[PDB]
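> What follows is a structure written as structure tokens; I'll ask about it next.
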Amino acid sequence: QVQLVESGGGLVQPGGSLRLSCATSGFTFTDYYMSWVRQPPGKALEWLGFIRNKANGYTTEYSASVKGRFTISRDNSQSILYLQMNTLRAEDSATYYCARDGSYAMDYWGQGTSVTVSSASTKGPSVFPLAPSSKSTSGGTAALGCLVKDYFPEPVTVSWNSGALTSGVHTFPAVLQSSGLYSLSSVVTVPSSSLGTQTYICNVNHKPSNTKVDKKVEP
Amino acid sequence: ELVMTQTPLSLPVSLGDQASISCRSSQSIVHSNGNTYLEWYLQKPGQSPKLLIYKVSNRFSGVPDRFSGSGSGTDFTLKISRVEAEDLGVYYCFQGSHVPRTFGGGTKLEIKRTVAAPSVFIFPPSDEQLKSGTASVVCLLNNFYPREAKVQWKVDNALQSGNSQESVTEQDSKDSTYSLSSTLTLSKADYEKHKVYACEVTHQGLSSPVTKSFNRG
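Going down the list, the protein sequences come from chains R and U. When we follow our numbering, the leftmost residue of the first sequence carries the number 41, and every step to the right adds one. When we follow our numbering, the leftmost residue of the second sequence carries the number 37, and every step to the right adds one.
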């Protein structure tokens, strides 16, 4: 029943500040050391520091990469763990996780919260259909999809036919283009003999800019 | 001061086999009380890390016994036996004896299987995007293995360079294969200027490179 839920992450201008929180339940909070770990997209996990338990006056420790800038603290009456991040840099962009230091380790982890540091503004994505061209090889299955281009910051979510269509679906990881915006494509397989008779819709959801688009992928 | 060296950075292995990961520390980490705080974590794509092994060889609560850790002083090991889909992910060793605590560099374990040829598709830009003055042409390489694959774009037979980007999915949970998309981005004027757009694929699952194309016509 041990649970940790984080919140507080988002987009923040460089040199700015943000406070991450991790609300816990299911165990005696004051009994444990609590830690913060981060993971930049595509990289290895990095320990950031811990805050001790009651028997140690809740003192703190930090990694060399955040000492002086990040402050860890805890509200024992509400059993909430915090991470105050100041003078934020671009290399601070990553998914932050809190962990309870039980079982002689870090045994229960939060679900993580994303932090993006950058001056770029919230921009919605353009959504284009990917449809087989006039030349459709005499095979069996036909592919189709959606191009979700030039949006910022991450992430975007895509589904097909309101979740109805799931098998053979592939939504690729987003890549950063020559400029600074992201883009990704989602595709799905289907029977060549079906493209026309049926309707395929890709549902693109991009919370960071309150966008929710349903692109009908016509032949 | 302390340094955690974890190897190999990447580690392919087929179903049912044994994988072993190493983790060395520049300096001993055993306590006076005889306790060695060296841990092993598994992070599956899109999920948070999960504890596997604590205090060198103790197995955490929901961990099948196929996993086991061993080691002494400055050399520790994690051995997985009879691998399977689920086990796919990145493993990390972690030293909690000294402060600052520290993570090893990580080990991406991937499932190696039997060579599979990709099913190839090409998609022209939508008339809708052209209005914006940009043309994205997409080439999809579906369900293939190994990951290695080369994709060349040819416009009116002329090879293209520097204007395409690739993106690869994570190893499918079921069949262990990959999928890939390659996007060639041109200006609208440039796209309208040419006629034949082709995607040429080279993969150790195809005798001769496969090519998919369309005519802007």
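Note that the Cβ used here is the ideal one computed from N, Cα and C, for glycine as well.
Looking at the C-beta of U/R60, does it have a partner C-beta in chain R at a distance below 8 Å?
Within the second sequence, numbered from 1, the residue matching residue 60 of chain U stands at position 24. So, not an interface residue.
> Within the stretch 145 to 226 of chain U, note down every full beta strand (DSSP E) run reaching 3 residues or more, in order along the chain.
155 to 159, 170 to 180, 186 to 191, 200 to 204 and 214 to 223
> Roughly how many whole angstroms lie between the Cα atoms of U/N178 and R/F69?
Within the second sequence, numbered from 1, the residue matching residue 178 of chain U stands at position 142. Within the first sequence, numbered from 1, the residue matching residue 69 of chain R stands at position 29. Using only the alpha carbons, I get a separation of about 48 Å.
> Looking only at its own chain, which residues have a Cβ that is under 8 Å from the Cβ of U/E184, when we skip the five neighbours before and after it?
Reading the second sequence from its first residue, position 148 is the one you call residue 184 of chain U. Correct list, in chain order: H239 and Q240.
> Taking beta-carbon pairs under 8 Å, can you tell me which members of the stretch 234 to 252 of chain U lie near chain R?
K248, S249, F250 and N251
> Straight-line CA distance for residue 271 of chain U to R/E101?
There is simply no residue 271 of chain U to check, as chain U begins at 37 and stops at 253 in what is shown.
> Do the CB positions of U/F180 and U/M40 come within less than 8 Å of each other?
Along the second sequence, one-based indexing puts residue 180 of chain U at 144. Along the second sequence, one-based indexing puts residue 40 of chain U at 4. Annotated as distal: U/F180 and U/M40, with beta-carbon spacing of 8 Å or more.
> Which class does U/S104 belong to by DSSP, given the choice of helix, strand or coil?
By 1-based counting over the second sequence, the position of residue 104 of chain U is 68. Strand, per DSSP.
> Between the stretch 118 to 129 of chain R and the stretch 45 to 55 of chain R, can you find at least three pairs of beta-carbon atoms closer than 8 Å?
yes
> Sorted by chain position, which residues of the same chain lie with C-beta nearer than 7 Å to U/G105's C-beta, five sequence neighbours on each side aside?
On the second sequence, residue 105 of chain U is found 69 positions in, with the first residue counted as 1. Closer than 7 Å at Cβ, skipping near neighbours: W76, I89, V92, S93, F112, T113 and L114.
> By the criterion of Cβ-Cβ separation under 9 Å, what are the contact partners of residue 36 of chain U in chain R?
This structure does not reach residue 36 of chain U, given that chain U is present from 37 up to 253, and the question cannot be answered.
> Determine the DSSP secondary structure at residue 262 of chain R, reduced to helix, strand or coil.
Nothing in the structure corresponds to residue 262 of chain R, since chain R is present only between 41 and 259.
> With a threshold of 6 Å on Cβ separation, who are the neighbours of R/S65 within its own chain once the five nearest residues in sequence on each side are excluded?
Translated into positions along the first sequence, residue 65 of chain R becomes position 25. Result list for R/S65: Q43, in chain order.
> Name the residues in the stretch 120 to 137 of chain R whose C-beta lies less than 7 Å from a C-beta of chain U; which are they?
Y137
> Compare the C-beta of residue 257 of chain U against all C-beta atoms of chain R and say whether one is closer than 8 Å.
Lying before the first or after the last residue shown, residue 257 of chain U is absent from chain U, which here runs from 37 to 253.
> In or out: U/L45 buried (at least 16 other Cβ within 10 Å) or exposed?
Taking the second sequence and counting its residues from 1, the one referred to as residue 45 of chain U is at position 9. Here U/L45 is exposed, its C-beta having fewer than 16 other C-beta atoms within 10 Å.
> Would you kindly check if the distance between the Cβ of R/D190 and the Cβ of R/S225 is under 8 Å?
Position 185 of the first sequence, counting from 1, holds the residue named residue 225 of chain R. Position 150 of the first sequence, counting from 1, holds the residue named residue 190 of chain R. Not a contact, by the Cβ cut-off of 8 Å.
> So with CB distances below 9 Å, who are the chain R contacts of U/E37?
For the purposes of this step, residue 37 of chain U is taken as residue 1 along the second sequence, with counting starting at 1. Going along chain R, no residue has its Cβ under 9 Å from U/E37, so there is no contact; the nearest lies around 11 Å.
> Return the chain-ordered list of same chain residues with a C-beta closer than 7 Å to the C-beta of U/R102, the five sequence neighbours on each side being excluded.
On the second sequence, position 66 is the one that residue 102 of chain U refers to. Once the five neighbours on either side are set aside, the close Cβ partners of U/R102 are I116, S117 and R118.
> Counting Cβ pairs closer than 8 Å, one from the stretch 222 to 238 of chain R and one from the stretch 204 to 213 of chain R, do we hit at least three?
yes
> Does the stretch 234 to 251 of chain R come close enough to the stretch 196 to 203 of chain R to have 3 or more Cβ pairs within less than 8 Å?
yes
> Could you list which residues in chain R have their beta carbon closer than 9 Å to that of U/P154, in chain order?
Here residue 154 of chain U refers to the residue found at position 118 of the second sequence. Ordered by position in chain R, no residue passes the 9 Å Cβ test against U/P154, which lies about 12 Å from the chain.
> What does the alpha-carbon distance come out to for the pair U/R252 and U/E120?
Reading the second sequence from its first residue, position 216 is the one you call residue 252 of chain U. Reading the second sequence from its first residue, position 84 is the one you call residue 120 of chain U. If you take the alpha carbons of U/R252 and U/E120, they lie about 45 Å apart.
> Express the C-alpha separation of U/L74 and R/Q41 in angstroms, rounding to a whole number.
Taking the first sequence and counting its residues from 1, one reaches residue 41 of chain R at position 1. Taking the second sequence and counting its residues from 1, one reaches residue 74 of chain U at position 38. Cα to Cα, the separation comes out at about 26 Å.
> Taking buried to mean at least 16 other C-beta atoms within 10 Å of its own C-beta, is R/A204 buried or exposed?
By one-based count along the first sequence, residue 204 of chain R stands at place 164. Its Cβ having fewer than 16 others within 10 Å, R/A204 is exposed.
> Sort out for me which residues DSSP pairs R/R114 with in a bridge.
As a working mapping, residue 114 of chain R is identified with position 74 in the first sequence. Paired residues: R/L121.
> Candidates R/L216, R/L187, R/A104 and R/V230: which alpha carbon is nearest R/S207's?
Position 167 of the first sequence, counted from the first residue, corresponds to residue 207 of chain R. Per the Cα distances, R/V230.
> At a Cβ cut of 9 Å, what residues of the stretch 120 to 133 of chain U count as close to chain R, listed as they run along the chain?
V126, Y128, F130 and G132
> Quick check: R/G150 and U/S84, are their CB atoms within less than 8 Å of each other?
Sequence index remark: in the first sequence, residue 150 of chain R carries index 110 (1-based). Sequence index remark: in the second sequence, residue 84 of chain U carries index 48 (1-based). Cβ atoms of R/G150 and U/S84: closer than 8 Å.
> Which whole runs of the beta strand (DSSP E) in the stretch 132 to 206 of chain R are 3 residues long or more, in chain order?
134 to 140, 153 to 157, 166 to 170, 181 to 191 and 197 to 200
> Taking the beta carbon of R/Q238 as the centre, do at least 16 other beta carbons fall within 10 Å, making it buried, or is it exposed?
Taking the first sequence and counting its residues from 1, the one referred to as residue 238 of chain R is at position 198. Exposed is the call here.
> Listing by chain order, which chain U residues have their CB less than 7 Å from the CB of R/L170?
The residue labelled residue 170 of chain R in the question sits at position 130 within the first sequence. Correct list: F159 and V174.
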